[PDB]
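Asker: Before I ask anything, here's the sequence and the deposited coordinates:
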Amino acid sequence: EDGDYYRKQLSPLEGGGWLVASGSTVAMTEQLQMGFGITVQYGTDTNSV
Amino acid sequence: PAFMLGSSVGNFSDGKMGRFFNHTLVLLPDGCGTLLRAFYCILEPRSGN
Amino acid sequence: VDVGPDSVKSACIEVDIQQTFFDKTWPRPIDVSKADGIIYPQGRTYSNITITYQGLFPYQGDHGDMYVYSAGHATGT
Ligand SMILES: *[C@@H]1O[C@H](CO)[C@@H](O[C@@H]2O[C@H](CO)[C@@H](O)[C@H](O)[C@H]2NC(C)=O)[C@H](O)[C@H]1NC(C)=O
């Protein structure tokens, strides 16, 4: 559900304590939409795409 | 050698550190020095002697 | 999304903790002038020329995390 709080106790190897989060929710649009991110890599490898 | 890599770290049942958590990877050599079996799956500790 | 077997009944072979024997030394630090384990430029190559490069390296002369493996106890065969 919306407004949910997440919390997990952590170990001293990462410093102990808790990792926490808060989350919210959004319902549908009629036409369900998607987000795309596109990133090319220039000279890292064989230029083959 | 064999290397196992992850993000979560936990301690064992007796208290010594060593468990890990969620998706993780390990590589395994075999074939007397030819076979590199590599994966990033999930472990499942066995509860025997 | 994979497939793979499982080995035996849940009864692990008896592993010990005897690092005291394993804590011996064979000191071998690294040397970049000996080119001791350095990544090559992953993107392109050059020839007969000297170039600066920003990359992932170890510090020169480190003593590292040397380990070693060994067999277990045995009696005869
Ligand atoms: C690689 O670079 C070296 C350094 O310049 C080249 O060696 C020199 O080449 C010139 C060419 O006339 C000579 O006059 C110099 O005496 C050379 N230097 C030494 C120390 O001998 C070398 O020729 C280059 N290699 C290639 C294949 O081009």
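Answerer: Yes, it's here. Numbers count the residues shown, from 1 in each chain, chains lettered A, B, ... in the order given.
Asker: contacts, neighbours, all on C-alpha from now
Answerer: Noted.
Asker: residues from chain B in reach of chain C?
Answerer: Neighbours of chain C within chain B, by C-alpha under 8 Å from any C-alpha of the partner chain: B:46, B:47, B:48, B:49.
Asker: Just give the number of residues close to the second one.
Answerer: Counted with other C-alpha atoms under 10 Å in any protein chain shown, residues neighbouring residue B:47 total 9.
Asker: Verify the contact between it and residue B:13 for me.
Answerer: No: using C-alpha atoms under 8 Å, residue B:47 is not in contact with residue B:13; the gap is 11.1 Å.
Asker: Just to be sure, residue C:32 is in a strand?
Answerer: No: Residue C:32 is assigned coil when assessed by DSSP: H, G, I helix; E, B strand; the rest coil, not a strand.
Asker: That one: neighbouring residues, count only.
Answerer: By other C-alpha under 10 Å, the burial measure for residue C:32, its neighbour count, is 13.
Asker: Same check on the one 5 residues further on?
Answerer: Residue crowding around residue C:37 was assessed by other C-alpha under 10 Å; the count is 11.
Asker: which bits of chain A sit near chain B?
Answerer: Residues of chain A lying near chain B (C-alpha under 8 Å from any C-alpha): A:11, A:13.
Asker: where along chain A do the strands fall?
Answerer: Using DSSP state E, the strands of chain A run over A:4-9, A:18-23.
Asker: And for chain B?
Answerer: B:4-5, B:8-11, B:17-21, B:24-30, B:35-41.
Asker: what sits up against the third one?
Answerer: Counting by C-alpha atoms under 8 Å, 6 or more residues apart in numbering or on different chains, the neighbours of strand B:17-21 from elsewhere in the structure are B:6, B:7, B:8, B:9, B:10, B:11, B:12.
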